[PDB]
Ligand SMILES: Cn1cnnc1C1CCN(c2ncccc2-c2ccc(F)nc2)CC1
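The chain that follows stands alone, in the form solved without this ligand, written as structure tokens.
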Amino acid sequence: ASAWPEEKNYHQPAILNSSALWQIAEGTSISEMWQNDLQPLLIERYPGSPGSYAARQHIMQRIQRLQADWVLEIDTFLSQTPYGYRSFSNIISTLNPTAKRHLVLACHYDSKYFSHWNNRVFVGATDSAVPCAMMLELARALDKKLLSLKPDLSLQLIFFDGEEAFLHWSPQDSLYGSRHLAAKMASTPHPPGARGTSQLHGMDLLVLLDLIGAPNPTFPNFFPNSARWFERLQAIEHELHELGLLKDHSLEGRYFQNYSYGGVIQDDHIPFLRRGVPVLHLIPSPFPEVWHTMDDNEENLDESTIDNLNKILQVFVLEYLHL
């Protein structure tokens, strides 16, 4: 039996030089993302709501206008909830569907349900409207390079529905979309016609973005089997910084620090991690101060920090895909 599922263990990045880094920093526009990808998502969008629908259409429309050969799938399913049976819909955007391996970027597009309080509405700006916009901006910004993909390795984006609990977190009330998708992918032969390999074996790495957008985030290196990739994020941040390609940024206050975090954090990566998928969890610790508060809004977002992370992530993806 082919040993292709092991290729991910030996995969190395094709590192960009100074000139290329300058080009990537120049190619991303934080103001464009702000107006075209983020603001339309800053609305109430808990599962089943009109906003969930509007968000899903926004995300799909923005991917569909790109030149790259994105194949969009809406994975809709039912699940029991504290409010009875309900419908959910994950959004999966895939380049080269039959491609055996894919680097996967992900986040959740639902917003935690909260009844309006004193005319305030919860829109989860950092949680996770920004991660959503960041993935859209990356697809747009790297569009020309991704188009060239039209190593049997390509890219995939997942926007999970129902990451949030309807009440407070519990094993059964939360991670609706990811628990469902992880199970579906684990039982789907891949590539097509395969005898004993699944879509999960095809996942080179799950890079999950969550709670991004607040000032001074510090991301810990959570897992040893993705530690070398965390290292690459550190190196990229360091080099972009040294080249003067980051804004209001210092090494003392770097985002990717030299520290681990032993505990467990409940999030969409769990169902994948427990089935063996390598995970690079881009969630900060501590969480943003506005976490699950009506203040997790646009006003409290740190623009230059988001801009800096767009450059780091875009460089990471290009290097991973050898583009």
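Counting begins at 1, following the sequence as shown.
Where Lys150 is followed by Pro151 in the displayed chain, the model omits 4 to 9 of the deposited residues that sit between the two. Taking only CA atoms, the mean B-factor in the PDB entry is higher for 260 to 268 than for the other of 260 to 268 and 40 to 48. When 165 to 173 is weighed against 215 to 223, 165 to 173 comes out higher, by mean CA B-factor as recorded in the entry. Among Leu282, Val290, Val279, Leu66, the highest C-alpha B-factor in the deposited entry belongs to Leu66. Which of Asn90, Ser115, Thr126, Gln156 has the largest Cα B-factor in the deposited entry comes down to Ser115.
When the modelled residues of the chain are ordered by C-alpha B-factor, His190 sits in the middle third. In the deposited entry, the Cα temperature factor of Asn310 places it in the lowest third of its chain's modelled residues.
Ranked by C-alpha B-factor against the other modelled residues of its chain, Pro97 falls in the highest third. The PDB entry assigns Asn119 a C-alpha temperature factor belonging to the highest third of its chain's modelled residues.
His108: CA B factor in the lowest third of modelled residues in this chain (values from the PDB entry).
Not on display, but discussed next: the form deposited with this ligand bound.
No atom of this ligand, overlaid from where it sits in the entry with it bound, falls within 2.4 angstroms of a backbone or C-beta atom of the displayed form, which makes the pocket open. When contacts are defined as a non-hydrogen atom within 4.5 Å, all of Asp127, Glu164 and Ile283 contact this ligand in the entry with it bound. With a 4.5 Å cutoff on heavy atoms, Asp37 does not count as touching this ligand in the entry with it bound; it lies far away.
Though the partner is left out of this view, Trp169 does reach within 4.5 Å of this ligand in the entry with it bound, counting heavy atoms only. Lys112 belongs to the set of residues with a heavy atom inside 4.5 Å of this ligand in the entry with it bound. Within this chain, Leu211 lines the site of this ligand in the entry with it bound, having a heavy atom no more than 4.5 Å away.
Proximity to this ligand in the entry with it bound, taken as a non-hydrogen atom within 4.5 angstroms, holds for one residue of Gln57, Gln67, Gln266, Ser260, which is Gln266. Shown alone, this chain has one stretch from 49 to 57, 250 to 258, 286 to 294, 26 to 34 that lies within 4.5 Å of this ligand in the entry with it bound by heavy atoms: 286 to 294.
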